[PDB]
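The chain below stands alone, shown as structure tokens; this is the form deposited in one PDB entry.
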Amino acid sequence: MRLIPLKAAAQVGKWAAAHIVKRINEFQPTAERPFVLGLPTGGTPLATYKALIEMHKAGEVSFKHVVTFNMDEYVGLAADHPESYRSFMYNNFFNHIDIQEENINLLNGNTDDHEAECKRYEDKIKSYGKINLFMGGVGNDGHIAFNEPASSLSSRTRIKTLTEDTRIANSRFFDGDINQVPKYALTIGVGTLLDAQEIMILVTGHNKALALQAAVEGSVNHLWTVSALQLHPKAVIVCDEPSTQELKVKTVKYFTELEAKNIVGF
């Protein structure tokens, strides 16, 4: 894997946005061959989305032939709720770029058959072959997507129960009221994520330091599903200095020296 150790969250967002634009522009997407981009919600990717919007306004990237898949959606929360992941993606990203409505893919957490909706989603991914780049965050508890501790490391898309830790963290988007946070979510699996050609996980803040330690220094295990990135041929973690607090000094030095020429501009 690559670990990109940057100083501040603003730089993580600039690096991630530049990496997405690099992959899209080198791919040269068309209607017949779209670039397929997997996307997360949460607080971590906001700077990346804002950077991508500005790069599009400057004519540096077009999303006209970009197909997107999101990692997850809350179960039982109204789709037009401002904190649904559908609302998050339109308000923070889709409404500000030249993406096509038919190229947006989202999970519906309010159908009468969660298993059929998750299978529909997997089938739609397979209709494009592969996801070319999947961006994600990481939970305090190590999850990627909502693959909470003790998730199968070859799981597919399914309903999952959010941990109390996840719901406490996400309550900051519900006026700090954990009773407003949904208890379940539909989420792509660890196997679904590993099927992508490239995975880029953004990690910012001291709250994620134990998760980053598990990802980088820990072994492969189902309690910290971010550790599954060790199995993937093309995984990138982009992190800020507060997220490194639980790593060894030699670990940060190793990756800082490896990436020196790739971070000196950020």
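Here the rigid core means the biggest group of C-alpha atoms that line up within 1.5 Å when the two forms are laid on top of each other. From 1 onward, residues are counted along the sequence shown.
Below, we turn to the form deposited in another entry, even though it does not appear here.
Summarising the superposition on the core between the shown form and the other one, the listed residues 100, 180, 92, 152 contain exactly one with a Cα shift of 2 Å or larger, 180.
The Cα position of residue 165 differs by 2 Å or more between the shown form and the other one after fitting on the rigid core. With the core held fixed, residue 76 shows a CA shift of 2 Å or greater between the shown form and the other one.
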